[PDB]
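Here's the letter readout for the chains.
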Amino acid sequence: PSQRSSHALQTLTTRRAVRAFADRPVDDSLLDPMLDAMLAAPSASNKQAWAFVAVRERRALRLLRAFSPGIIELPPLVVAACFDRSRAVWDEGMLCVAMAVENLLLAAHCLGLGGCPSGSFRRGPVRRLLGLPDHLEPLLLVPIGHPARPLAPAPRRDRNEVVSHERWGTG
Amino acid sequence: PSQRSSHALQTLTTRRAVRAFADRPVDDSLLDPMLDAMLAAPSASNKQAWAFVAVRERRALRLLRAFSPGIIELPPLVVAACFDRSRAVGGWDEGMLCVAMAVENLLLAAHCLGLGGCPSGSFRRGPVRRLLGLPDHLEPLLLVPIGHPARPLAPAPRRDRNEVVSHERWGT
Amino acid sequence: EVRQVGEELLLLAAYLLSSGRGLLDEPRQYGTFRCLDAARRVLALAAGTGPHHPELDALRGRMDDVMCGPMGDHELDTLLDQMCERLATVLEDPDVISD
Amino acid sequence: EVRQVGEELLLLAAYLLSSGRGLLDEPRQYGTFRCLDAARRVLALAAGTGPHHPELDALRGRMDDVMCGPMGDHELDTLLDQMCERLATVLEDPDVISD
Amino acid sequence: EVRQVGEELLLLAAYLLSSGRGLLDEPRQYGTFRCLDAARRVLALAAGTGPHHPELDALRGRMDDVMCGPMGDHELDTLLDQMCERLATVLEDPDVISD
Amino acid sequence: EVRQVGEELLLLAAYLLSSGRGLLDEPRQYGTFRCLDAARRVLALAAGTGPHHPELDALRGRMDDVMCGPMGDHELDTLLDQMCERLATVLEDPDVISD
Ligand SMILES: *Cc1cc2c(cc1C)nc1c(=O)[nH]c(=O)nc-1n2C[C@H](O)[C@H](O)[C@H](O)COP(=O)(O)O
Ligand SMILES: *Cc1cc2c(cc1C)nc1c(=O)[nH]c(=O)nc-1n2C[C@H](O)[C@H](O)[C@H](O)COP(=O)(O)O
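Residues numbered from 1 in each chain as written, not as in the entry; some residues may be left out. Chains lettered and ligands numbered in written order. Heavy atoms only, no water. Residues with missing side-chain atoms left out of burial classes, pairs and counts.

Its PDB record attributes the structure to cryo-EM, giving the resolution as 3.0 Å.

The name the PDB entry assigns to chain B is Nitroreductase, from the organism Nocardiopsis dassonvillei. As deposited in the PDB, this entry carries the title "Broad substrate scope C-C oxidation in cyclodipeptides catalysed by a flavin-dependent filament". In UniProt, chain B has this text filed under Sequence similarities (unreviewed entry): "Belongs to the nitroreductase family." Reading the Cofactor (unreviewed entry) entry of the UniProt record for chain B gives the comment "FMN". (UniProt positions renumbered as here; feature names shortened; annotations may be inferred.)

Naming follows the PDB entry, where chain A appears as Nitroreductase of Nocardiopsis dassonvillei. Under Cofactor (unreviewed entry), UniProt gives the following word-for-word description of chain A: "FMN".

Encoded structure:
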């Protein structure tokens, strides 16, 4: 009840992007809950219009890191989230895929790992490495792995500037 | 260690959209943690190019619902998430996805406390903008109705796992 | 009381107009879903002040389950037929509607 | 007067259900037409009972011309955006919607 | 051993090319940040096989703190100056670099 | 031979740091050119030590023509895209990268 809610809120709030990953691999028993939590995300119209790829091979990981400047260090796991154009209703449903990615980040924190989503990458070569078909278009690469260094919060603006009350400019 | 991982996994997994709100207003004590945990979402460069509006007045809520077909039932509270084009990166924009990610954190922030909602996004942008008083640079993205659930959570059918996720390739 | 109903009618009309604009971008199948959504809104308003009939409440309940509830695995050919026929049967009652 | 408003609401709801069921057979473009048709019907109910605003009468005539007038040569995306914007200004009026 | 270094050089060149293409869309300030990222990558690779110097490890650690760590509240005019000057001083050592 | 590769890597890292520091003064368009320059420098290091592929020599010649010699023109979005794509084809070869 109150303690479970408090623990969940702590888990959500303490979520910090991880750019340094230990050389430890991500086990399948540790990957399955993350995938389940990621897939349990809202969609546009219960159309599940998205595609996910779970890269774990070393060579594929190095190629993706080389072709994805957003990735900082070699990740034990990579999650390639793509928008499914065949099931699509500049797309509203493209936001739902990012919501699923966010759920995956929080799942990584659920299991003590960490993921750093990135959208700054070459779609062409990354698609070619992933082997994605024509309709699927990659939009997010999520390096996930066990953290190697302590995590610290990034500077944040005042809540008044970013959040208002019933209007704009109201505190 | 296993218990908290299990609990957080259960909280994340058992997050179902709520479209039937009850007659219980969302108190400020139930909102402050919600906004606190919602704002802890990735931002493009830490630009934090986003804006949120917390609507609770009954008049404003009715006006928003009337001009937004996405909302099904009158919500005690509404969160209008919008992209701050003032701090856009490179100038579709990637930060819009970060707005959506903060909205995901919003949904989970509502679920933990017992509240619920859906990331409604099917609304008339013009009338909603005029109602909420956004300037030119704030482009509305999502209008999430958050409120106390009145209908038991009912799971929705989902596609096969094999057809949605793959291992380092496609079709493997 | 009459003024309150009229105010809710203006918001209902704004919702219908917003739905009309929206349908130009929504997929093919929301033509009926938005009509069903509007129908239950009208019945909720009508149950407040208009004639009361037990089967009318049953209609509104079925509509609420369809929309507010889970989405998917819904058929519209038959479901809409039974709801329209039940409401037609109610309206044929000389008491619910006035000549 | 409140009871009569309710009866007309039941007829409108039945029209919304019938329009939805029919929209499956009718083409996609009729989805907006049915919603717009329902919009003017709702305003008709609120014309004699709801708040009296000059812009409301002008809007009702606009949908009346579109529907009751000759078919075709209608640009829906611009027409719906302009109309909904006008009704928005009306609803912002503190007299039109109280709370 | 030489072949492994060459393979990692090919991947590094691909990263540099991708960064070059990306900078045509990234904000103004990433021109230096991508160079710093590539610099720390090169220094990691060079520490793998090339000459060893404690100050070089210090340089790599500082770059790792800048990049892999929290982002924001970073000044580039002075930080890059100290990094470049320290690396230069190291390279001026007749032992680390060969004439 | 590995030691010499390492010393050249240290020089390349120093060049990357200097280019990053200078890019603040230089215009925005110079970021991509400095990245491309670093790309061809890295390929120069890998030319005599890394895997020998004909397309690698062709790519190095392409960058040599672009950076060296005449200045101007050299539209970068298309040019960088093409160069990086070709390097991508090179990297996928099993002989070029083992694991
Ligand atoms: C939403 C988003 C986040 C990103 C992106 C791109 C998008 C669209 N790209 C990143 C990248 O290339 N590198 C990187 O290290 N992080 C990226 N992020 C995450 C975001 O920048 C961080 O989460 C941000 O620093 C906030 O940190 P936090 O700990 O407060 O969540
Ligand atoms: C991601 C998303 C979800 C939406 C959106 C828009 C976006 C971008 N718009 C909705 C709307 O207008 N109305 C509405 O009722 N729901 C909307 N949703 C949520 C979506 O319908 C749910 O994700 C789905 O119905 C059920 O998902 P589940 O996880 O609860 O099974």
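Structural notes on the overall build of chain B
Per the secondary structure count, chain B includes five helices and five strands. Each helix and strand of chain B, placed in order from N terminus to C terminus, yields the pattern α-α-β-α-β-α-β-α-β-β. Computed over the C-alpha atoms, the radius of gyration of chain B is 17 Å, within 12% of the 16 Å expected from 2.2 N^0.38 for a compact globule of 172 residues. Projected onto the principal axes, the alpha-carbon positions of chain B cover approximately 50 × 45 × 30 Å. Going through the 172 residues of chain B one by one, you find that 62% of them count as buried. Total accessible area on chain B stands at roughly 6,300 Å², and carbon and sulfur atoms take up 48% of it. (Helix = DSSP H or I, 4+ residues; strand = E, 2+ residues; numbered from the N terminus. Rg over C-alpha atoms; globule rule 2.2 N^0.38 Å. Buried < 20%, exposed > 50% of the residue type's maximum accessible area, 1.4 Å probe, protein only. Areas by Shrake-Rupley, 256 points an atom, 1.4 Å probe, with all protein chains shown as cover.)

A few points about the UniProt feature "binding site: FMN 2" (unreviewed entry) in chain B
Mapped onto this numbering, the UniProt entry annotates "binding site: FMN 2" (unreviewed entry) at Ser43(B), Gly70(B), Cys98(B), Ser120(B), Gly121(B) and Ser122(B). With respect to the helices, strands and loops of the structure, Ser120(B) is situated in the loop between β3 (116-117) and α5 (125-132). In contact with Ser120(B), not counting residues within four places along its chain, are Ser68(B), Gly70(B), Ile71(B), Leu142(B), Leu143(B), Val144(B) and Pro145(B). With respect to the element layout, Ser122(B) can be found in the loop between β3 and α5. In this structure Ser122(B) touches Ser68(B), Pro69(B), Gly70(B), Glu26(C) and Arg34(C), once residues within four positions along its chain are discounted. (Contact = heavy atoms within 4.5 Å.)

Section: the UniProt feature "binding site: FMN 1" (unreviewed entry) in chain B
UniProt feature "binding site: FMN 1" (unreviewed entry): in the numbering of this structure it lies at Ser43(B), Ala44(B), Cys98(B) and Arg158(B). Counting through the fold element by element, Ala44(B) comes out in the loop between α2 (32-38) and β1 (50-55). In contact with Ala44(B), other than residues within four places in its own chain, are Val89(B), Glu94(B) and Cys98(B). Examined against the element boundaries, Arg158(B) turns out to sit in the loop between β4 (138-147) and β5 (165-167). Apart from the residues lying within four places of it in its own chain, the contact partners of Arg158(B) are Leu39(A), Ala40(A), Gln48(A) and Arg16(B).

Digging into the pattern of salt bridges
Counted under the stated rule, the structure contains 46 salt bridges over all chains. The shortest N-O distance in the salt bridge between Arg85(A) and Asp91(A) comes to 3.8 Å. Taking the relative accessible area as the measure of exposure, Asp91(A) reaches 14% and is therefore buried. Note that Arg60(F) and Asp57(F) form a salt bridge whose closest N and O atoms lie 3.3 Å from each other. With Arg60(F) and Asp57(F) both in helix α3 (residues 54-67), this residue pair falls three residues apart, about one helical turn. (Salt bridge = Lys/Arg side-chain N within 4 Å of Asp/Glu carboxyl O.)

Here we look at the site of ligand 2
Close to ligand 2 lie 17 residues, the nearest being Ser43(A), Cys96(A), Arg19(B), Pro119(B) and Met71(C). Around ligand 2, the nearby residues trace back to chains A, B and C. At 3.1 Å from an oxygen atom of ligand 2 is found a side-chain nitrogen or oxygen belonging to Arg15(B). The contact in question runs from an oxygen atom of ligand 2 to an N or O atom on the side chain of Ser120(B), over 3.4 Å. Within the complex, the protein chains bury 93% of what would otherwise be the 630 Å² of accessible surface of ligand 2. (Near = heavy atom within 4 Å. Polar contact = N/O pair within 3.5 Å; in protein donor to acceptor, adjacent residues only side chain to side chain.)

Quick word on the arrangement of the chains
Contacts are most numerous between chains A and B, considering all nine pairs of chains that are in contact. Separating chain D from chain E is a minimum C-alpha gap of 33 Å, and the two share no contact. A minimum C-alpha distance of 33 Å separates chain C and chain F, which share no contact.

Examining the pairing of strand β1 (residues 50-55) of chain A
Residue and element names in this part refer to chain A. Across the six residues that make up β1, a large majority, six, are buried. Every second residue of β1 is oriented toward a common face, with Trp50, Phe52 and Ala54 on one face and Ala51, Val53 and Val55 on the other, all of them buried. Across six bridges, the pairing between β1 and strand β2 (residues 77-84) is antiparallel. Paired with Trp50 across the strands is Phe83, a residue of β2. (Pairing = 2+ DSSP bridges.)

Considering the packing of aromatic side chains
Each aromatic ring pair is summarised here by two numbers: the centre-to-centre distance and the angle between the ring planes. Evaluated as defined, the whole model comprises five aromatic pairs over all chains. Pairing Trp50(A) with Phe52(A) gives two aromatic rings, centres 6.4 Å apart and planes at 55 degrees, and the pair type is tilted. The same class applies to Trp50(A) as to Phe52(A), namely buried. Geometrically, the ring pair formed by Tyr30(C) and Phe33(C) is edge-to-face, given 6.0 Å between the ring centres and 65 degrees between the ring planes. In this pair, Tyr30(C) and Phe33(C) both sit in helix α2 (residues 30-49), three residues apart, roughly one turn of the helix. If you follow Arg34(C) out to its NZ or CZ, it ends over the ring of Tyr30(C), 5.4 Å from the centre. (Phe/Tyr/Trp six-rings, centres within 6.5 Å; stacked < 30°, edge-to-face > 60°. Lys NZ or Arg CZ within 6 Å of the ring centre and 35° of its normal.)

Examining the site of ligand 1
Residues in contact with ligand 1 amount to 18 residues; listed here are only the nearest, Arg15(A), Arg19(A), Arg156(A), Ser43(B) and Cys98(B). Flanking ligand 1 are residues from chains A, B and E. In this structure, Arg16(A) approaches ligand 1 through a side-chain N or O atom, which is 2.8 Å from an oxygen atom. Between ligand 1 and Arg156(A) there is a distance of 2.7 Å, counted from an oxygen atom to a side-chain nitrogen or oxygen.

Brief notes about the environment of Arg85(B)
Residues and elements named next belong to chain B. Relative to the helices and strands, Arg85 resides in the loop between β2 (77-84) and α4 (94-112). The spacing of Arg85 and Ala66 is 19 residues in sequence and 27 Å in space, taken between C-alpha atoms. Look past the residues within four positions of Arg85 in its chain and what remains in contact with it is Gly91, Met96, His137 and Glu139.

Concerning the side chain of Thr49(D)
With respect to the helices, strands and loops of the structure, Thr49(D) is situated in helix α2 (residues 30-49). Classification of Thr49(D) as buried rests on a relative accessible area of 8%. Apart from residues no more than four positions distant in its own chain, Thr49(D) is found in contact with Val2(C), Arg3(C), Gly6(C), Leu9(C), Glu1(D) and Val5(D).

Let's talk about the environment of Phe83(A)
Residues and elements named next belong to chain A. Structurally, the position occupied by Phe83 is in strand β2. Distance from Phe83 to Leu39, taken between C-alpha atoms, is 14 Å for residues 44 residues apart in sequence. Sequence-distant contacts of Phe83, defined by excluding residues within four places in its chain, comprise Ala49, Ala88, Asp91, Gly93, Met94, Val97, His135, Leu136, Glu137 and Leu139.

Remarks on the side chain of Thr32(C)
Checked against the element boundaries, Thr32(C) lands in helix α2. Take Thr32(C): its relative accessible area is 2%, and that puts it in the buried class. A polar contact is formed between the side chain of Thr32(C) and the backbone oxygen of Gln29(C), at a distance of 3.4 Å. Excluding residues within four positions of it along the chain, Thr32(C) makes contact with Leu76(C), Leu80(C), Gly20(D), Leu23(D) and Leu24(D).

Description of the sheet that holds β1(B)
With mixed pairing, five strands are arranged side by side in an open sheet as β5(A)-β1(B)-β2(B)-β4(B)-β3(B). Every interior strand has two partners, whereas the edge strands, β5 (163-165) of chain A together with β3 of chain B, have only one. Two strands pair when backbone bridges link them, and β2(B) and β4(B) are joined in this way by eight bridges, in the antiparallel orientation. The residue of β4(B) that forms the bridge with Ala80(B) is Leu143(B). Each of β1, β2, β3 and β4 of chain B is contacted by α4(B), which is oriented at about 10 degrees to β4(B), the strand it contacts most. With respect to the sheet, α5(B) is in contact with β1, β2 and β4 of chain B, its orientation differing from that of β4(B) by roughly 80 degrees. (Axes fitted to C-alpha atoms, helices over the stretch in contact; angles between N-to-C directions.)

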